[PDB]
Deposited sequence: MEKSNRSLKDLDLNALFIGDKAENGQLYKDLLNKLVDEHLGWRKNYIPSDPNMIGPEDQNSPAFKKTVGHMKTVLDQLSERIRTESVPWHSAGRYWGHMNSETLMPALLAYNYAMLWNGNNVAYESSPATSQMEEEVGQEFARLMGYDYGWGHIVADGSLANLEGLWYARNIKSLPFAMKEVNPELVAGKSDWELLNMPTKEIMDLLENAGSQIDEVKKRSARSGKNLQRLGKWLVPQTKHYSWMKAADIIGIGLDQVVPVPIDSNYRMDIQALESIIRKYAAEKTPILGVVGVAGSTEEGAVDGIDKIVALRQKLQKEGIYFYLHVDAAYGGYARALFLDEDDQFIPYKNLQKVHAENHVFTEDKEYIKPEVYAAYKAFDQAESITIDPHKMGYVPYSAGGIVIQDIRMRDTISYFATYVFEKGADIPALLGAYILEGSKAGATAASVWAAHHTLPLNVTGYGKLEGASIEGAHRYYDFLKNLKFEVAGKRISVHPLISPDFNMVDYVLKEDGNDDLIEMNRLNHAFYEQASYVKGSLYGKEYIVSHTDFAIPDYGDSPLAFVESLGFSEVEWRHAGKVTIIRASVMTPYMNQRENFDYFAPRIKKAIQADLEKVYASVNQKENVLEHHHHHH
């Protein structure tokens, strides 16, 4: 059952180890396409002949095209920022995509079908429908749907469009046919569960188009529809979506995050109750699976339980899960029949399917619990071009109930149901090929997501007790938290130095040493990324951490931030002990050397 699937065979390789394989398969596919143009329908005629191809103007034009491509080729290689290789690159980026996804794009692009125009793309249109079904099955939706989006931010925007329109439907039904919602107060109309709204819409029958005309689509009083509650670290990104969708940026309300950088569910409830008390509705809540700088996974199960509790008090909220980064990781929890694996059996199933090379606990109970609850969310974002290992650009959205698409649809198949317009069939081919090489369960993506998580854990373990002596100073590595997923963060700190401004200065100077300045010829032996956790975006979420290092709350406010060394361990190659242990002493040496340069330059 794909038991001994070997991930090394599914990538070009950091050193182009499988380059010839890629080239061979690429040429086979291109040959298939060229043969199809030539022979699929004999006649023709050929519009271009040898007499044309051997003319001087033709040959000149080929030379001109070569000059353009050679220029393009040179610019990309000259400006490029040396290829990241496993063991040396421990930063936030990844440029290693699945070979079948690459090949499928290359091949399908030759037909250049547009997936909104079926006639140009019958094959890739069907592939995108299957991808939608595969997303729905991955998320445990029994009657859901999904599609590929131009990118992940547009997928989130589409989720908000869904929430906005759905929230407005009971009022739209009241205006078109009061009998549909007779005996319900306006507050009750604004707190109707989504499935009930959808049932009512379907029940409007002949009147559905008229109801849609009176919904948020009409633009009437969008701020009546309530507040959009998001983790504080996502507040800025959601302001843009709220701005675009017309509810306005003040309708986005930040919810504090905790010391795990997950949404604080006690705070979530307090905020909801505050608005409910003044009869301000909640348009929706966003839970994050795989935060941008910490890989944190919000307690989706706790949010769902909270909603169930509040419904007894007449409060409902739409739930959107942003699993842009963490979506494919749900494949860890589905067996070969796509059934959700009970927690007590997870390590057993993972060993049987060689998901992890060592039998240990990698997935936290609270992470498992969050993933289990995804099937309760109205919508979920999941991006193939993040942890799906599909080339940019490919985002994704999944909806709980296929009927939801009727709330945003425009008529006169696929094009009627989406926010965007024209879209490449090649993208659908690319995602489809990835999904069919690696099924969305433990037999396929479970292994790939597993390899990444295992690499993260090895790196975390390596950092945990790391100590250095530089110019007579003891310097310690302090990992931020044990990873919920595959992102690992840490700070370097001079022992006994309790000046937080100085620690930030250290980690900033360290990052600059362990990174490239453009025009860089030499590849380094250790590259990292970085970010700041600043009060305006993080609140006091990092306070317990900085206090654990010996800093005071007074010190925390004086600095107003903490600088963090960042890794997103997306490479699949660091799961093997042999592979990581080879690099461990070399990383240690690189860090020692970088720290020396830092201290030397003062």
Exercise. Could you give the ranges of the deposited sequence that carry no C-alpha coordinates?
Worked result: 1 to 6, 419 to 430, 621 to 634
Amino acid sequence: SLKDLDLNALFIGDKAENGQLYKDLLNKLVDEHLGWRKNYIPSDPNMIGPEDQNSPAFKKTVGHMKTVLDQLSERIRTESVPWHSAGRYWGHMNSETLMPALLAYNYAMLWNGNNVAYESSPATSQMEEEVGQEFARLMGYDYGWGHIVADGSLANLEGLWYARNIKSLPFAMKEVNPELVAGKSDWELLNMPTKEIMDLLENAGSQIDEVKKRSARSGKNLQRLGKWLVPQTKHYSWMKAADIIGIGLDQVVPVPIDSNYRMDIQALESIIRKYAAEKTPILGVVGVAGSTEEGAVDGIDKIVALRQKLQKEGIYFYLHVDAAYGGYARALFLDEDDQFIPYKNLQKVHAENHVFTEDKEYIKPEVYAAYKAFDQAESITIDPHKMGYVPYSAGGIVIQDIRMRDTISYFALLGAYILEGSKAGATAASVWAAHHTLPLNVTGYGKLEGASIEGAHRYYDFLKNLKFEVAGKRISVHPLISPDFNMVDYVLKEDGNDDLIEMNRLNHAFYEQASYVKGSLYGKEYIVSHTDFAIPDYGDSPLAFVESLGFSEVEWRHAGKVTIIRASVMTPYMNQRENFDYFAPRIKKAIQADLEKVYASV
From here on, numbers count along this sequence of modelled residues.
For this session: Higher average CA B factor in the deposited record is what I'm after, so tell me if that's 319 to 327 or 524 to 532.
Result: 524 to 532
Exercise. What stretch has the higher average Cα B-factor here, 143 to 151 or 85 to 93?
Worked result: 85 to 93
Problem set entry | Residue, from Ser168, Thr407, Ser121, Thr427, that the PDB entry assigns the highest Cα B-factor | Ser121
For this session: Comparing against every modelled residue in the chain, figure out the third that the C-alpha B-factor of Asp199 lands in (lowest, middle or highest).
Result: middle
For this session: Within this chain's modelled residues, let me know which third the CA B factor of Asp489 belongs to: lowest, middle or highest.
Result: middle
Problem set entry | Lowest, middle or highest third - CA B-factor, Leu21 | middle
For this session: Rank-wise, by C-alpha B-factor, drop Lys274 into the lowest, middle or highest third of its chain.
Result: middle
Problem set entry | Chain-wide C-alpha B factor ranking for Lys344, given as lowest, middle or highest third | highest
